[PDB]
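In: Model the structure of this input:
(one chain, ligands or ions: 2)
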Amino acid sequence: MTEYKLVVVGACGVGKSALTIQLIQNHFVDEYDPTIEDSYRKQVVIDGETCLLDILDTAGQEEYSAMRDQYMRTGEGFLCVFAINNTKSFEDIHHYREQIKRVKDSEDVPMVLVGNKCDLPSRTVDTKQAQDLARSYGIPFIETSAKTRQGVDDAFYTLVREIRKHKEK
Ligand SMILES: Nc1nc2c(ncn2[C@@H]2O[C@H](COP(=O)(O)OP(=O)(O)O)[C@@H](O)[C@H]2O)c(=O)[nH]1
Ligand SMILES: [Mg+2]
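Out: Numbers count the residues shown, from 1 in each chain. Ligands and ions are numbered 1, 2, ... in the order given. Let me share the structure:
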């Protein structure tokens, strides 16, 4: 069956692990070690296609930088996550965008921008500012809550759809 290799990136604490675990296991994890990096696989149906999602939940620095370059080169699409109550996490998106493009040496890399923690009252990044950034990149923007599951399937399935559009060219 078709496999899609997805990589979830973003600053520490934005909800990469909580988003991934909601997708895979359908529960919200309140506490998951910020230093754990692991991969998960799940069979899903997207637009009638039975496929396997192979998802790497990243944790930042690696023992050796070659390990970062390896997952960036093999990954087919990237979920770039910030938290709507953490402006620094939003600013860091610029760094992830640039680094992934540089490792892959490509200007066309399937990516989706995710603003997580949308259930929280505290917000420092309004939707408009994130829409403006996504428009500048030419990629979709989705607001999510790993707690309530709002937008979770959409974020991952939209990324698969972006990979499909890239592959058909
Ligand atoms: N309220 C709320 N809390 C969240 C959400 N996503 C993650 N969290 C919490 O934010 C903290 C960091 O989440 P985590 O998944 O460990 O972030 P990571 O470092 O990016 O993997 C944890 O305490 C989670 O419970 C969300 O959508 N809403
Ligand atoms: Mg984590």
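In: okay, which residue is most central for the chain?
Out: residue 79 (1.9 Å; CA atoms, centre = their mean).
In: give me the element the closest residue to that residue other than its chain neighbours is part of.
Out: Of all residues not flanking residue 79 in the chain, residue 8 sits nearest, at 4.7 Å (CB to CB, 6 or more residues apart in numbering). C-beta: built from backbone N, CA, C; applies to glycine. For residue 8, the element it lies in under DSSP states H and E is strand 2-9.
In: quick one: that strand to chain centroid distance?
Out: Distance, stretch centre to chain centre, for strand 2-9: 9 Å (CA atoms, centre = their mean, to the nearest Å).
In: What residues of it count as buried?
Out: For strand 2-9, a neighbour-count test (16 or more other CB atoms under 10 Å) marks 4, 5, 6, 7, 8, 9 as buried.
In: show me which of these neighbour ligand 1.
Out: On the criterion CB under 6 Å from any ligand atom, none of the entries of those sits beside ligand 1.
In: which among the residues you listed gets closest to ligand 2?
Out: Lowest distance from ligand 2 to those (CB to the ion) belongs to residue 8, with 8.7 Å.
In: just checking, what packs against whichever strand or helix holds residue 136?
Out: Secondary structure assignment for residue 136, by DSSP H and E: helix 127-137. Contact here means 3 or more CB pairs under 8 Å, 6 or more residues apart in numbering; DSSP states H and E; on that basis helix 127-137 packs against helix 87-91, strand 111-116, strand 141-143.
In: What is the nearest of the buried residues of strand 2-9 to residue 161?
Out: residue 4 (10.2 Å; CB to CB).
In: Might you enumerate the residues of this structure proximal to ligand 1?
Out: So far as CB under 6 Å from any ligand atom goes, the chain lies against ligand 1 at 10, 12-18, 30-32, 34, 116-117, 119-120, 145-147.
In: For the residue of the chain at minimum distance from ligand 2, which residues are in contact?
Out: The minimum distance from the chain to ligand 2, using CB to the ion, falls at residue 17 (3.2 Å). With contact taken as CB atoms under 8 Å, 6 or more residues apart in numbering, residue 17 is in contact with 29, 32, 34, 36, 57.
In: And residue 34, by the same measure?
Out: With CB under 8 Å, 6+ apart, residue 34 has these contacts: 12, 13, 17, 59.
In: What of residue 49?
Out: Counting by CB under 8 Å, 6+ apart, residue 49 has contacts residue 2.
In: circling back: buried stuff in the helix holding residue 136?
Out: Neighbour-count burial for helix 127-137 [16+ other CB under 10 Å]: 130, 133, 134, 137.
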